[PDB]
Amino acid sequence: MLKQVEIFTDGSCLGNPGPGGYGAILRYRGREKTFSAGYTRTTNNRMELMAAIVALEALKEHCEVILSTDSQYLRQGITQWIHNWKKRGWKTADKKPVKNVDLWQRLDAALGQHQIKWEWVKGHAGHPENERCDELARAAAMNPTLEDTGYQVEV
């Protein structure tokens, strides 16, 4: 039985916007859960956040997590922006809401329930589970079934 929860995420999009999807692998309890869905019109950044979100929302108790991903958007959010965004009320310097505020707030809610250890992998040097997320993400985007409600060309 693993002593820490292991999560792997990937997200993919064919256009901007275009159809996209995500793949997340979750090692929780004695199982490996696999999550993946395609969206008719979204963006690569929105899918990368969705991967992380659906994985964490599955955890039903406070856990010790190790989340592994090569997603740069997630990385920059987590390491440079999120902190300052909470202090500023989720607004940009020109007082508009941040881009993808729907997802980042959603994600933030999921992250505050756990002790998280982030492992930023290089795209060409992750683990087998990262490669498999990539494969899932791509397959999903080719057969999109859901609508990405928070997507805006806009705000």
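Residue numbers run from 1 along the displayed sequence.
Between 48-56 and 24-32, it is 24-32 that carries the larger average Cα temperature factor according to the deposited entry.
A summary of the deposited B-factors shows that, of 81-89 and 68-76, the stretch with the larger mean C-alpha value is 81-89.
Each of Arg106, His114, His124, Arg41 has a CA temperature factor in the record; the biggest one is found at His124.
When all modelled residues of the chain are sorted by CA temperature factor, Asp102 is found within the lowest third. Among all modelled residues in this chain, the alpha-carbon of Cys133 has a temperature factor (C-alpha) in the lowest third.
Among the modelled residues of its chain, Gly11 has a C-alpha B-factor that falls in the lowest third, as given in the PDB entry.
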